[PDB]
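Undergrad: I am attaching a structure below and will ask some questions about it afterwards.
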Amino acid sequence: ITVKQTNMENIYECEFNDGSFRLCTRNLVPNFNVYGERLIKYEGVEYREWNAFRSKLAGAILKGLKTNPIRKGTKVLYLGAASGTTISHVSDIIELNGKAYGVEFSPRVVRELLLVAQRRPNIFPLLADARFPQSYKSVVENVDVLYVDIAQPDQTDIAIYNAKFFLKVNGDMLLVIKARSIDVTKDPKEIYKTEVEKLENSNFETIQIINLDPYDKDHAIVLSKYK
RNA sequence: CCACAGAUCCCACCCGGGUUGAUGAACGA
RNA sequence: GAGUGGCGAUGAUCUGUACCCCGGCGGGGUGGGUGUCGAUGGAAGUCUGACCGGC
């Protein structure tokens with residue numbers, strides 16, 4: 001075993017007893033895991049193993065995401081927080097300084113998000129519909145990163161709408177494009193092109209476009225900058 | 001010896017089972 | 001001149017030589033099994049489908 005820093009703040013890799021390499025984050029709440037993930041101690045510091053198959057952000061990293069705009073003390077608005085798998089990892093990355101506002105409109109699921117956000121001062125859960133930022137306007141601030149993973153046909157439009165509400169100028173947006181929930185009939189690759197055009201036809205400046213394959217089928221993630 | 005009975009067996013329908021479980025399957029608030 | 005303090009059944013040794021280490025000893029780690037509990041940890045990991053009867 002060995003753990004060491006990567007190009008990106010508070011994100012680390014492990015050399016393993018066998019010789020595999022897995023991503024991990026520095027555990028903000030030591031002894032405690034959110035999904036079933038492995039806890040690893042090295043030189044008396046505890047890391048949480050970041051499974052790429054579950055977290056699209058880890059997936060994006062392993063698919064060579066240039067620069068990660070989520071770091072120490074970053075303010076992120078996180079649309080589609082779901083059960084808290086990925087958002088827990090951005091909690092770790094961001095540390096007590098930065099803040100993460102987790103928007104999620106499915107109660108059956110915010111149920112389990114609560115448990116994550118109780119243990120974590122970083123995370124401000126919100127049972128609200130991301131199509132109406134008016135209904136959480138009164139709790140959030142402006143932000144550096146708009147991380148958007150929402151299952152919706154008009155997911156791109158929703159994201160833009162939130163952006164002009166809460167995204168700082170020169171802030172970054174990580175937008176997960178879910179082809180099969182925008183249209184199961186269309187070709188995933190046509191969809192990626194047309195949704196990126198929406199961002200450009202607003203004024204987002206496409207920085208990097210990644211295809212999340214192995215890890216996520218018919219998905220892509222866009223990193224771009226709001227102007 | 002036949003006749004006729006008997007009940008069984010199916011045998012197939014018939015019904016219910018039954019698409020909201022037939023089966024068999026060794027326990028321990 | 002008076003009182004105290006003096007081996008020993010009313011009881012020494014042998015083995016948990018742990019490893020080896022740095023300074024017989026100090027400290028160190030690695031060990032054993034054992035007390036606690038835990039983790040989430042690890043366990044063909046989670047039955048079966050042709051026709052069941054009543055008549």
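Ligands are numbered from 1 in the order shown, residues from 1 within each chain, and chains are lettered A, B, ... in the order they appear in the structure tokens.
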Only residues of chain A matter here; which ones have an atom within 12 Å of chain C, counting only C-alpha atoms (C1' of nucleotides)? Give them as a ChimeraX atom specification.
TA: /A:31-39
Undergrad: Need to verify the contact set: residue A:78, 12 Å, only C-alpha atoms (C1' of nucleotides), exclusion of same-chain residues closer than 4 positions in sequence. Can you return it as a PyMOL selection string?
TA: chain A and resi 57+70+82+84+86-88+90-91+99-104+123-126+128+130+140+143-150+159+162-163+166-167+173-176
Undergrad: Next, write the just-selected residues to a file, as a PDB file, in the first residue's frame, keeping C-alpha atoms as the atom set.
TA:
```
ATOM      1  CA  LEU A  57     -16.830  12.733 -11.273  1.00  0.00           C
ATOM      2  CA  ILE A  70     -13.569  21.540  -7.493  1.00  0.00           C
ATOM      3  CA  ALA A  82     -29.490  11.918  -5.125  1.00  0.00           C
ATOM      4  CA  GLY A  84     -25.101  11.404  -1.706  1.00  0.00           C
ATOM      5  CA  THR A  86     -20.665  11.722  -5.461  1.00  0.00           C
ATOM      6  CA  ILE A  87     -21.527  14.768  -3.335  1.00  0.00           C
ATOM      7  CA  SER A  88     -19.870  13.125  -0.356  1.00  0.00           C
ATOM      8  CA  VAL A  90     -16.883  16.654  -3.300  1.00  0.00           C
ATOM      9  CA  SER A  91     -17.489  17.288   0.398  1.00  0.00           C
ATOM     10  CA  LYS A  99     -19.660  24.563   0.776  1.00  0.00           C
ATOM     11  CA  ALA A 100     -21.957  22.277  -1.233  1.00  0.00           C
ATOM     12  CA  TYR A 101     -25.645  22.883  -1.816  1.00  0.00           C
ATOM     13  CA  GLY A 102     -27.328  19.623  -2.780  1.00  0.00           C
ATOM     14  CA  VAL A 103     -30.537  20.030  -4.754  1.00  0.00           C
ATOM     15  CA  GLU A 104     -32.682  16.893  -5.084  1.00  0.00           C
ATOM     16  CA  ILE A 123     -23.366  19.856   2.786  1.00  0.00           C
ATOM     17  CA  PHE A 124     -26.638  21.776   2.704  1.00  0.00           C
ATOM     18  CA  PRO A 125     -29.375  19.386   1.516  1.00  0.00           C
ATOM     19  CA  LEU A 126     -32.400  20.759  -0.376  1.00  0.00           C
ATOM     20  CA  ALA A 128     -36.491  21.111  -4.180  1.00  0.00           C
ATOM     21  CA  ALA A 130     -34.102  22.328  -9.838  1.00  0.00           C
ATOM     22  CA  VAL A 140     -28.020  29.415  -1.256  1.00  0.00           C
ATOM     23  CA  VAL A 143     -21.009  29.564  -6.434  1.00  0.00           C
ATOM     24  CA  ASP A 144     -17.790  28.630  -8.264  1.00  0.00           C
ATOM     25  CA  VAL A 145     -18.978  25.288  -9.636  1.00  0.00           C
ATOM     26  CA  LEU A 146     -22.374  24.223 -10.961  1.00  0.00           C
ATOM     27  CA  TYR A 147     -22.204  20.434 -10.914  1.00  0.00           C
ATOM     28  CA  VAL A 148     -25.243  19.137 -12.760  1.00  0.00           C
ATOM     29  CA  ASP A 149     -26.261  15.465 -12.876  1.00  0.00           C
ATOM     30  CA  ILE A 150     -30.038  15.455 -13.357  1.00  0.00           C
ATOM     31  CA  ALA A 159     -28.725  23.812 -15.859  1.00  0.00           C
ATOM     32  CA  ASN A 162     -29.626  27.752 -12.502  1.00  0.00           C
ATOM     33  CA  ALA A 163     -26.397  29.100 -13.919  1.00  0.00           C
ATOM     34  CA  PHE A 166     -26.184  31.107  -8.992  1.00  0.00           C
ATOM     35  CA  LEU A 167     -23.033  30.653 -11.107  1.00  0.00           C
ATOM     36  CA  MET A 173     -20.075  24.089 -14.918  1.00  0.00           C
ATOM     37  CA  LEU A 174     -19.683  20.326 -14.949  1.00  0.00           C
ATOM     38  CA  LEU A 175     -22.763  19.107 -16.852  1.00  0.00           C
ATOM     39  CA  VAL A 176     -23.537  15.403 -17.117  1.00  0.00           C
TER      40      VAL A 176
END
```
Undergrad: Hey, can you check how far atom CA of residue A:198 sits from atom CA of residue A:155?
TA: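 Calculated distance between atom CA of residue A:198 and atom CA of residue A:155 is 11.0 Å.
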Undergrad: To one decimal in Å, tell me the separation between atom CA of residue A:131 and atom CA of residue A:158.
TA: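 Atom CA of residue A:131 sits 5.6 Å away from atom CA of residue A:158.
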Undergrad: Got a sec: who's within 10 Å of stretch 19-24 of chain B, counting only C-alpha atoms (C1' of nucleotides), leaving out chain neighbours fewer than 2 positions off, as a PDB file with C-alpha atoms (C1' of nucleotides), in the first residue's frame?
TA:
```
ATOM      1  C1'   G B  17     -55.848 -23.447  -8.975  1.00  0.00           C
TER       2        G B  17
ATOM      3  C1'   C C  47     -35.287 -22.277  -4.472  1.00  0.00           C
ATOM      4  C1'   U C  48     -37.541 -24.045  -8.371  1.00  0.00           C
ATOM      5  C1'   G C  49     -40.524 -23.425 -12.580  1.00  0.00           C
ATOM      6  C1'   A C  50     -44.807 -27.732 -15.651  1.00  0.00           C
ATOM      7  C1'   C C  51     -48.642 -27.917 -15.814  1.00  0.00           C
ATOM      8  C1'   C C  52     -51.800 -28.217  -9.720  1.00  0.00           C
ATOM      9  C1'   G C  53     -55.893 -30.213  -8.127  1.00  0.00           C
TER      10        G C  53
END
```
Undergrad: Using only C-alpha atoms, which of the listed residues (A:81, A:3, A:76, A:184) sits closest to residue A:142?
TA: A:76
Undergrad: Per DSSP on the backbone, filter stretch 68-168 of chain A down to the residues in strand (DSSP E or B) and report them as a VMD selection string.
TA: chain A and resid 75 to 79 99 to 104 123 to 127 143 to 148 167 to 168
Undergrad: Would you save the residues from that selection as a PDB file, in the first residue's frame, using N, CA and C atoms?
TA:
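Dumped to again-v2.pdb:
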```pdb
ATOM      1  N   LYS A  75     -16.997  26.657  -3.547  1.00  0.00           N
ATOM      2  CA  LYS A  75     -18.439  26.698  -3.338  1.00  0.00           C
ATOM      3  C   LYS A  75     -19.127  26.060  -4.533  1.00  0.00           C
ATOM      4  N   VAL A  76     -19.826  24.948  -4.310  1.00  0.00           N
ATOM      5  CA  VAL A  76     -20.497  24.236  -5.414  1.00  0.00           C
ATOM      6  C   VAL A  76     -22.022  24.087  -5.243  1.00  0.00           C
ATOM      7  N   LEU A  77     -22.765  24.376  -6.310  1.00  0.00           N
ATOM      8  CA  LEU A  77     -24.187  24.065  -6.360  1.00  0.00           C
ATOM      9  C   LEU A  77     -24.300  22.757  -7.121  1.00  0.00           C
ATOM     10  N   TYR A  78     -24.945  21.778  -6.498  1.00  0.00           N
ATOM     11  CA  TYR A  78     -24.923  20.425  -7.003  1.00  0.00           C
ATOM     12  C   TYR A  78     -26.330  20.007  -7.330  1.00  0.00           C
ATOM     13  N   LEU A  79     -26.701  20.101  -8.595  1.00  0.00           N
ATOM     14  CA  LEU A  79     -28.051  19.702  -8.984  1.00  0.00           C
ATOM     15  C   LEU A  79     -28.133  18.189  -9.207  1.00  0.00           C
ATOM     16  N   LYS A  99     -18.283  24.939   0.505  1.00  0.00           N
ATOM     17  CA  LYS A  99     -19.660  24.563   0.776  1.00  0.00           C
ATOM     18  C   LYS A  99     -20.337  23.931  -0.434  1.00  0.00           C
ATOM     19  N   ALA A 100     -21.284  23.033  -0.174  1.00  0.00           N
ATOM     20  CA  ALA A 100     -21.957  22.277  -1.233  1.00  0.00           C
ATOM     21  C   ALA A 100     -23.443  22.226  -0.988  1.00  0.00           C
ATOM     22  N   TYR A 101     -24.197  22.800  -1.918  1.00  0.00           N
ATOM     23  CA  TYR A 101     -25.645  22.883  -1.816  1.00  0.00           C
ATOM     24  C   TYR A 101     -26.296  21.816  -2.696  1.00  0.00           C
ATOM     25  N   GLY A 102     -26.868  20.798  -2.064  1.00  0.00           N
ATOM     26  CA  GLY A 102     -27.328  19.623  -2.780  1.00  0.00           C
ATOM     27  C   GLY A 102     -28.799  19.627  -3.087  1.00  0.00           C
ATOM     28  N   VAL A 103     -29.143  19.975  -4.317  1.00  0.00           N
ATOM     29  CA  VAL A 103     -30.537  20.030  -4.754  1.00  0.00           C
ATOM     30  C   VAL A 103     -31.010  18.664  -5.251  1.00  0.00           C
ATOM     31  N   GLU A 104     -32.155  18.211  -4.750  1.00  0.00           N
ATOM     32  CA  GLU A 104     -32.682  16.893  -5.084  1.00  0.00           C
ATOM     33  C   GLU A 104     -34.168  16.874  -4.787  1.00  0.00           C
ATOM     34  N   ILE A 123     -22.262  20.167   3.687  1.00  0.00           N
ATOM     35  CA  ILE A 123     -23.366  19.856   2.786  1.00  0.00           C
ATOM     36  C   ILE A 123     -24.703  20.416   3.277  1.00  0.00           C
ATOM     37  N   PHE A 124     -25.376  21.143   2.393  1.00  0.00           N
ATOM     38  CA  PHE A 124     -26.638  21.776   2.704  1.00  0.00           C
ATOM     39  C   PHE A 124     -27.722  21.175   1.818  1.00  0.00           C
ATOM     40  N   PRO A 125     -28.373  20.109   2.298  1.00  0.00           N
ATOM     41  CA  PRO A 125     -29.375  19.386   1.516  1.00  0.00           C
ATOM     42  C   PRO A 125     -30.548  20.273   1.149  1.00  0.00           C
ATOM     43  N   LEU A 126     -31.172  20.034  -0.001  1.00  0.00           N
ATOM     44  CA  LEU A 126     -32.400  20.759  -0.376  1.00  0.00           C
ATOM     45  C   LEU A 126     -33.404  19.892  -1.139  1.00  0.00           C
ATOM     46  N   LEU A 127     -34.537  19.595  -0.516  1.00  0.00           N
ATOM     47  CA  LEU A 127     -35.592  18.895  -1.219  1.00  0.00           C
ATOM     48  C   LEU A 127     -36.377  19.894  -2.073  1.00  0.00           C
ATOM     49  N   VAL A 143     -21.882  30.743  -6.515  1.00  0.00           N
ATOM     50  CA  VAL A 143     -21.009  29.564  -6.434  1.00  0.00           C
ATOM     51  C   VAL A 143     -19.938  29.564  -7.511  1.00  0.00           C
ATOM     52  N   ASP A 144     -18.875  28.788  -7.292  1.00  0.00           N
ATOM     53  CA  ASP A 144     -17.790  28.630  -8.264  1.00  0.00           C
ATOM     54  C   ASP A 144     -18.083  27.521  -9.281  1.00  0.00           C
ATOM     55  N   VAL A 145     -18.646  26.423  -8.791  1.00  0.00           N
ATOM     56  CA  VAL A 145     -18.978  25.288  -9.636  1.00  0.00           C
ATOM     57  C   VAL A 145     -20.472  24.939  -9.597  1.00  0.00           C
ATOM     58  N   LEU A 146     -21.027  24.737 -10.787  1.00  0.00           N
ATOM     59  CA  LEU A 146     -22.374  24.223 -10.961  1.00  0.00           C
ATOM     60  C   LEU A 146     -22.247  22.776 -11.442  1.00  0.00           C
ATOM     61  N   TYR A 147     -22.329  21.823 -10.527  1.00  0.00           N
ATOM     62  CA  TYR A 147     -22.204  20.434 -10.914  1.00  0.00           C
ATOM     63  C   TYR A 147     -23.594  19.888 -11.134  1.00  0.00           C
ATOM     64  N   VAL A 148     -23.879  19.490 -12.366  1.00  0.00           N
ATOM     65  CA  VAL A 148     -25.243  19.137 -12.760  1.00  0.00           C
ATOM     66  C   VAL A 148     -25.346  17.703 -13.280  1.00  0.00           C
ATOM     67  N   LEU A 167     -24.412  30.870 -10.674  1.00  0.00           N
ATOM     68  CA  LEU A 167     -23.033  30.653 -11.107  1.00  0.00           C
ATOM     69  C   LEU A 167     -22.248  31.960 -11.334  1.00  0.00           C
ATOM     70  N   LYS A 168     -21.218  32.187 -10.516  1.00  0.00           N
ATOM     71  CA  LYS A 168     -20.332  33.336 -10.660  1.00  0.00           C
ATOM     72  C   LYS A 168     -19.883  33.469 -12.101  1.00  0.00           C
TER      73      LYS A 168
END
```
Undergrad: If I take atom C1' of residue C:46 and atom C1' of residue B:18, how far is one from the other in Å, to one decimal?
TA: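 These atoms are spaced 26.3 Å apart.
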Undergrad: Could you pull out the alpha helix (DSSP H) residues of stretch 39-161 of chain A, going by DSSP on the backbone, and write them as a PyMOL selection string?
TA: chain A and resi 56-62+85-94+107-118+155-161
Undergrad: For residue A:213, list every protein, DNA or RNA residue within 12 Å, evaluated using only C-alpha atoms (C1' of nucleotides), and leave out those in the same chain fewer than 4 positions away; present the list as a PDB file with C-alpha atoms, in the first residue's frame.
TA:
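Output (part20.pdb):
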```pdb
ATOM      1  CA  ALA A  52     -15.453   5.307 -10.652  1.00  0.00           C
ATOM      2  CA  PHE A  53     -18.342   2.993 -11.548  1.00  0.00           C
ATOM      3  CA  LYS A  56     -19.348  10.225 -12.593  1.00  0.00           C
ATOM      4  CA  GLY A  59     -15.113   8.552 -13.949  1.00  0.00           C
ATOM      5  CA  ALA A  60     -14.392  11.873 -15.597  1.00  0.00           C
ATOM      6  CA  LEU A  62      -9.960   8.629 -14.911  1.00  0.00           C
ATOM      7  CA  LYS A  63     -10.926   9.650 -18.456  1.00  0.00           C
ATOM      8  CA  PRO A 188     -26.071   9.374 -27.917  1.00  0.00           C
ATOM      9  CA  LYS A 217     -22.968   3.889 -20.771  1.00  0.00           C
ATOM     10  CA  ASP A 218     -24.450   6.559 -23.084  1.00  0.00           C
ATOM     11  CA  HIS A 219     -23.182   9.423 -20.903  1.00  0.00           C
ATOM     12  CA  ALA A 220     -20.865  12.377 -21.465  1.00  0.00           C
ATOM     13  CA  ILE A 221     -19.678  15.173 -19.206  1.00  0.00           C
TER      14      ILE A 221
END
```
